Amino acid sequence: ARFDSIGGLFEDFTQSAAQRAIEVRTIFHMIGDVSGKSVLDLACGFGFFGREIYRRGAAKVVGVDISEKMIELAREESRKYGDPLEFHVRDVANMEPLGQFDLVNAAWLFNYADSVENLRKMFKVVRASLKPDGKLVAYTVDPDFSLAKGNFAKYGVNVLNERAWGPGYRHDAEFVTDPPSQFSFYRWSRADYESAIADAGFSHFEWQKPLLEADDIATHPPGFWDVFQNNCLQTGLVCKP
């Protein structure tokens, strides 16, 4: 697992990157009220979203990550904060269902599907993890990002290259950390996302713009967010059966 070599540097990135506050705000906007819900947090990393979802009143939270090192970090945080989250090491593309939840949160899962066939398998696994009236809240790479239109290093993610891969693109990148931490991600097209969504059994879905807000603009020099708005690397997504 690539994040076995990143470990705590990812949390360092979340504390220094300008984009992270926008991601977090947008995701909690899409999630809404979590009181009493069962929640599955996929690609959970050290558990940030599932843990804050628990703190906001969720009934039960389970986290899944392909990285044994990241899950060991997640488990240690739960011990440190005395919280009841449970974690599993799995590749979400090939995992067996863990129950049916009110809410699946997948912040930075689908951009790690390394083929369009695995993108489709992931959406089917998510649908099988949902009750009929549940919902998926996802955060992923915007299909329209183009490396030539502007890099994202000033917001925290230095994208290094761009290469055709299957019907999409693959990108090497690094989180802007001390020292930088390398990873690779995949940019699948909007059509392929929407096809994977429909074929998994989600009859409703909507893309969600990142919630850049007035105070974000006020606390940087004018134009700081121009690349973020003109060549955004990220987008939200909500799906319902």
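Just so we're on the same page, rigid core means the largest C-alpha set that superposes within 1.5 Å between forms. For every residue, the number given is its place in the sequence shown, counted from 1.
Core-fitted comparison in 4 other deposited structures of this protein shows that, between 143 to 151 and 68 to 76, the CA atoms farther from the shown form belong to 68 to 76. Displacement analysis by core superposition in 4 other deposited structures of this protein ranks 77 to 85 above the other of 116 to 124 and 77 to 85 in root-mean-square C-alpha distance from the shown form.
Note on 26 to 34 vs 200 to 208: mean CA B-factor is higher in 200 to 208. Set 228 to 236 against 13 to 21 and average the Cα temperature factors; 13 to 21 ends up higher. The maximum CA B-factor among the listed residues 141, 106, 130, 164, taken from the PDB record, is found at 164. The maximum CA B-factor among the listed residues 187, 69, 60, 51, taken from the PDB record, is found at 60.
Among all modelled residues in this chain, the alpha-carbon of residue 45 has a temperature factor (C-alpha) in the lowest third. Ranked within its chain, residue 216 lands in the middle third, by CA B factor from the PDB record. Annotation for residue 125: CA B-factor lies in the middle third of the chain's modelled residues. Annotation for residue 137: CA B-factor lies in the lowest third of the chain's modelled residues. Sorting the modelled residues of the chain by their CA temperature factor places residue 80 in the highest third.
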